[PDB]
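Chains as they are written, first to last, in the deposited numbering: chain A, 1 to 49; chain G, 1 to 441; chain H, 264 to 368. Even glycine gets a Cβ: it sits at the ideal position worked out from N, Cα and C. Notes for the one structure printed next.
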Amino acid sequence: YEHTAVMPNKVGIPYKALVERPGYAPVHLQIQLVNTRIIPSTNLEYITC
Amino acid sequence: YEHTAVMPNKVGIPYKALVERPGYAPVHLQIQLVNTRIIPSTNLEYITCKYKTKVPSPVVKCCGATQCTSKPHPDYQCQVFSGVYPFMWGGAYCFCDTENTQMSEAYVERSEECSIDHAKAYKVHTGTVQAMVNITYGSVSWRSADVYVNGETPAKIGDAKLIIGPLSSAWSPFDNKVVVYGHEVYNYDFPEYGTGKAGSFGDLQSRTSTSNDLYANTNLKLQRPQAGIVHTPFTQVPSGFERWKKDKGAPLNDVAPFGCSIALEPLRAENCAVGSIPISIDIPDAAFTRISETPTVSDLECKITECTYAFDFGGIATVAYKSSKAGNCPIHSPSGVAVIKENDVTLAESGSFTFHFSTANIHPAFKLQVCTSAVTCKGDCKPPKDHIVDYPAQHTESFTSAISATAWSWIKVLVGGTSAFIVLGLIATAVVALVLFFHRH
Amino acid sequence: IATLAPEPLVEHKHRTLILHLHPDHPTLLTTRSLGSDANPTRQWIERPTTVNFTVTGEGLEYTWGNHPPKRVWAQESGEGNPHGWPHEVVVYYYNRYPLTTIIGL
Numbered sequence: 001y002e003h004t005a006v007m008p009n010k011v012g013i014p015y016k017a018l019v020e021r022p023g024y025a026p027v028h029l030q031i032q033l034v035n036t037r038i039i040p041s042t043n044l045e046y047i048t049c
Numbered sequence: 001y002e003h004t005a006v007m008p009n010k011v012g013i014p015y016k017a018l019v020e021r022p023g024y025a026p027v028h029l030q031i032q033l034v035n036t037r038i039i040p041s042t043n044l045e046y047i048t049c050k051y052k053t054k055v056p057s058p059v060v061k062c063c064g065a066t067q068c069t070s071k072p073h074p075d076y077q078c079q080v081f082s083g084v085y086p087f088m089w090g091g092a093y094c095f096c097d098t099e100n101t102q103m104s105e106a107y108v109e110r111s112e113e114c115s116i117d118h119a120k121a122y123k124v125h126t127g128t129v130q131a132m133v134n135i136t137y138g139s140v141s142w143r144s145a146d147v148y149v150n151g152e153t154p155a156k157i158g159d160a161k162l163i164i165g166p167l168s169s170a171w172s173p174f175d176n177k178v179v180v181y182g183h184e185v186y187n188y189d190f191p192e193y194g195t196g197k198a199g200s201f202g203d204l205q206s207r208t209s210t211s212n213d214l215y216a217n218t219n220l221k222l223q224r225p226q227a228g229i230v231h232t233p234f235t236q237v238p239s240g241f242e243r244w245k246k247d248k249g250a251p252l253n254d255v256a257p258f259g260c261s262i263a264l265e266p267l268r269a270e271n272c273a274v275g276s277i278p279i280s281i282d283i284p285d286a287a288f289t290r291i292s293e294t295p296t297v298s299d300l301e302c303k304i305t306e307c308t309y310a311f312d313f314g315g316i317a318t319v320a321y322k323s324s325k326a327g328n329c330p331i332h333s334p335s336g337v338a339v340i341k342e343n344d345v346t347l348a349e350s351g352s353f354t355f356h357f358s359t360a361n362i363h364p365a366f367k368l369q370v371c372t373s374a375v376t377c378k379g380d381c382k383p384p385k386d387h388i389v390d391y392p393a394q395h396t397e398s399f400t401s402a403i404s405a406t407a408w409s410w411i412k413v414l415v416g417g418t419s420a421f422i423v424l425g426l427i428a429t430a431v432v433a434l435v436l437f438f439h440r441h
Numbered sequence: 264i265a266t267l268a269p270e271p272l273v274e275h276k277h278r279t280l281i282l283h284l285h286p287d288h289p290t291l292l293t294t295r296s297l298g299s300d301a302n303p304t305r306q307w308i309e310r311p312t313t314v315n316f317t318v319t320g321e322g323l324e325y326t327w328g329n330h331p332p333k334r335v336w337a338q339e340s341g342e343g344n345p346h347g348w349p350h351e352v353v354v355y356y357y358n359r360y361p362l363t364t365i366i367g368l
């Protein structure tokens with residue numbers, strides 16, 4: 001079963017949701033983020049000393 | 001006791017019905033189809049295969065001439081070529097220069113592969129319809145036997161007697177003339193054993209697979225031998241059985257509507273779904289119980305917990321009862337809004353059970369009976385997420401089943417308030433004539 | 264003994280079946296509908312193509328190569344909300360019933 005939602009960009013706060021498949025009992029779902037790294041691409045030009 | 005109703009012509013789904021008899025508790029009747037074969041009557045006309053032209057050895061008359069008689073043979077040909085002077089190994093063949101005769105006779109006979117792959121040309125006449133029907137009632141299990149689809153042949157199935165009525169439509173997927181090749185059939189016309197276009201389908205027709213008589217036209221023509229060698233050259237158009245085997249359309253088993261699977265050995269058209277089938281089953285009195293033996297129930301209230309628009313059984317509801325004593329009674333719904341998955345119930349003293357149903361409505365207002373007592377159920381349903389399923393529908397889609405309660409109130413004021421506004425407009429004329437009459441006297 | 268074609272990639276839409284066929288030999292694909300009008304199609308597939316077939320509630324049956332035939336039925340999922348504002352009530356019945364909503368309005 002596919003369940004789409006929108007979570008906020010907070011690290012320590014988990015996201016709790018309840019999926020609902022018809023004919024079946026709901027299942028609890030908890031998603032939590034542990035990291036968030038933005039990695040830009042760099043090319044070195046020169047050094048100095 | 002005779003039960004007479006109409007069963008739709010479908011194979012997978014069952015037919016549920018509750019038989020009502022005065023002074024007796026009702027029973028649950030299930031009729032389920034397994035097969036539905038339409039068997040027409042056929043007579044074999046002729047068979048067709050690839051030919052094989054065999055030539056006899058020609059004669060070489062040295063100083064003279066030869067003539068031929070009309071021998072009885074299919075597509076027989078003869079000719080005379082004058083002045084051949086043939087050469088063989090070890091010098092020339094004969095003395096007499098620039099006058100000689102060669103026979104070069106040829107005729108057409110069927111091949112040795114005609115007993116393996118041949119096309120059977122059948123003429124189709126309308127015939128009989130039969131079916132296999134699974135039957136249960138009350139408490140005995142499912143047992144089945146072959147029945148006939150007419151109005152004159154009762155069948156003894158179980159302790160009861162069942163008469164399966166005739167089909168509502170006389171539709172048959174077969175044409176008047178069919179061709180059976182291998183394990184598939186085609187709707188094709190015939191040259192009718194007299195004609196033949198020598199290259200399409202009827203260049204070689206035989207009445208049976210081993211008949212002595214054989215019709216064959218193939219445009220066979222003798223050709224003159226060249227430069228003094230002994231051979232018989234001929235010229236004819238290629239076979240029509242090979243040309244039909246390439247320039248061929250789709251078979252009837254890939255073309256026939258209503259899902260008609262076609263078998264071969266009695267040439268049936270199995271599992272078609274068209275029309276309806278009337279029924280007449282006479283259940284014996286030995287399976288009937290009394291009103292005193294069955295419990296009576298009261299205080300029935302119904303609540304739908306979950307409903308779904310989808311196929312199979314997407315609805316589930318729980319009901320509450322108050323029974324006089326424990327026992328088993330069937331449950332059945334008369335209206336076609338909801339079908340019921342199961343038949344019976346293990347009742348108790350002041351309990352509750354759940355049952356599964358199947359609707360094609362947003363708001364099912366269906367009604368079901370429990371232990372010959374009445375209760376109604378109402379609720380709401382949601383559309384499903386599945387787009388394509390591999391099983392057919394268990395319910396019946398109606399015309400008013402798609403109307404939601406929001407849109408029903410929208411069309412209750414476009415036809416209710418507007419048409420009553422004309423009534424308000426019309427009575428203004430009816431009262432202005434009374435005021436204008438009162439102006440006079 | 265004959266070759267077996269690779270199975271197609273099957274994805275579903277609203278009343279639409281999509282098949283991703285990748286043959287290595289010229290392969291025959293025949294489809295038919297299980298209603299009153301069969302509407303039979305046949306073609307030989309020699310290159311990797313994709314085909315769309317309109318599956319209705321009555322059904323559709325398709326064969327691919329030497330594989331056994333498969334039957335598929337289209338449900339009533341819909342693309343709208345039947346309860347609410349009439350700017351979304353109408354668009355629910357337009358996808359379900361495009362032949363009666365235009366005439367009826």
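Cutoff 8 Å: residue i Cβ touching any chain G Cβ
i      : result
A:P26  : no
A:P8   : no
H:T293 : yes
A:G23  : yes
H:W336 : yes
H:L284 : no
H:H346 : yes
H:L368 : no
Three-state secondary structure assigned by DSSP to residue i
i      : result
H:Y356 : helix
G:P154 : coil
G:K378 : coil
H:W327 : strand
G:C114 : helix
G:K246 : helix
G:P257 : coil
A:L44  : coil
G:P278 : strand
G:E20  : strand
G:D146 : strand
G:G240 : helix
G:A160 : strand
H:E321 : coil
Spatial distance of residue i from residue j (CA atoms)
i      : j      : result
G:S335 : G:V6   : 14 Å
G:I163 : G:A286 : 20 Å
H:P271 : H:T326 : 11 Å
G:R440 : G:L434 : 10 Å
G:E99  : G:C63  : 6 Å
G:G417 : H:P349 : 18 Å
G:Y215 : G:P74  : 6 Å
G:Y107 : G:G199 : 17 Å
G:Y1   : G:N150 : 21 Å
G:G196 : G:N187 : 18 Å
G:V129 : G:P266 : 12 Å
G:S172 : G:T4   : 27 Å
G:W244 : G:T48  : 11 Å
G:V297 : G:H332 : 15 Å
G:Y193 : G:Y46  : 7 Å
Endpoints, the alpha helix (DSSP H) within which residue i is located
i      : result
G:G425 : 417 to 440
H:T364 : 364 to 367
G:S409 : 405 to 410
First through last residue of the beta strand (DSSP E) which encompasses residue i
i      : result
G:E301 : 297 to 306
G:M88  : Segment: none, G:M88 is in no beta strand (DSSP E) and carries neither H nor E.
H:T266 : That residue, H:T266, is in no beta strand (DSSP E); it is neither H nor E in DSSP.
G:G138 : Looking at the DSSP string, G:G138 is not in any beta strand (DSSP E), and its letter there is neither H nor E.
H:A337 : 333 to 337
A:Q30  : 27 to 31
G:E99  : Neither: G:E99 is in no beta strand (DSSP E) and is coded neither H nor E.
G:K322 : 315 to 323
A:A5   : Run containing A:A5: none; DSSP gives neither H nor E here.
CB contact below 8 Å: residue i versus chain H
i                      : result
residue 443 of chain G : Nothing in the structure corresponds to residue 443 of chain G, since chain G is present only between 1 and 441.
G:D344                 : no
Contact with chain A by residue i, beta-carbon distance below 8 Å
i      : result
G:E20  : no
G:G314 : yes
G:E306 : yes
Contact test: residue i Cβ vs the ligand ATP heavy atom, cutoff 7 Å
i      : result
H:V318 : What this structure holds is no ligand at all, so the ligand ATP is not there to describe.
Entirely within the segment 166 to 206 of chain G and at least 3 residues each: give me those beta strand (DSSP E) ranges in chain order.
177 to 181, 184 to 187, 204 to 206
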